[PDB]
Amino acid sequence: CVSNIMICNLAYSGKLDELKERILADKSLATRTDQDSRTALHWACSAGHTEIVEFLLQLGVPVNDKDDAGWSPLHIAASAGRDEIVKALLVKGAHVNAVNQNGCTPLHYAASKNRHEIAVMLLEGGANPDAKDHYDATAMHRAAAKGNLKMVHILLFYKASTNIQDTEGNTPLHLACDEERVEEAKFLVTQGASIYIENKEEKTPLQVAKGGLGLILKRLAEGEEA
């Protein structure tokens, strides 16, 4: 079991029928909270049981309450890659720019785990592409760091900035270079990522790059500035 409240365990376990009989037998169970300040909605979202989520939504339960970790149903759904559930939540007005305890919005996780469709759904629904977490990290930082090249492209289409700096002074380009995401890096400079911004270590994306990647980028940049 994952919860101290029976209804929450049934939601995670996906027991739709028993869950419905018990909620209709006592409507309060639909919003009862557990030790993590979670309701059947959170757990159903985590497990990805679309059916249970739809049943709960048509029941009119709240869709924006956060658990004790600051996670809302949308954060969970997005990070867990439950495309269907994320679309349904958005319809019911899920807050697309809500942040959890570390300052992240659903888009952060979607971009991080390279979830294209969920990312698009979120951006089309008004997510701020430049949303910064408590460490001033954006969705693009997490994508660029891991080499999520297509994700970066998606973020760009929605006017994402390429030069926002995190608490260590790094821009998505920095991260890309540090982790040697070669193709990503060239692409970034190609779209205006600055090769001149210094991080807290006084290094530029050029001085962070390895294997002569810096020469390449400097050439791309200078040519893109000409």
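Note that residue numbering begins at 1 and tracks the sequence as displayed.
Relative to its counterpart among 37-45 and 164-172, 164-172 has the higher mean temperature factor, C-alpha atoms as listed in the PDB entry. The PDB entry records a higher mean C-alpha B factor for 213-221 than for its counterpart among 213-221 and 8-16. Highest C-alpha temperature factor among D133, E84, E124, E117, as the PDB entry reports it: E84. For the set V189, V63, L56, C177, the PDB entry puts the maximum C-alpha B factor at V63.
In this PDB entry, the Cα temperature factor of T138 sits in the bottom third of its chain's modelled residues, the lowest group.
Per the deposited record, the Cα B-factor of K150 falls in the highest third when ranked against the other modelled residues of its chain.
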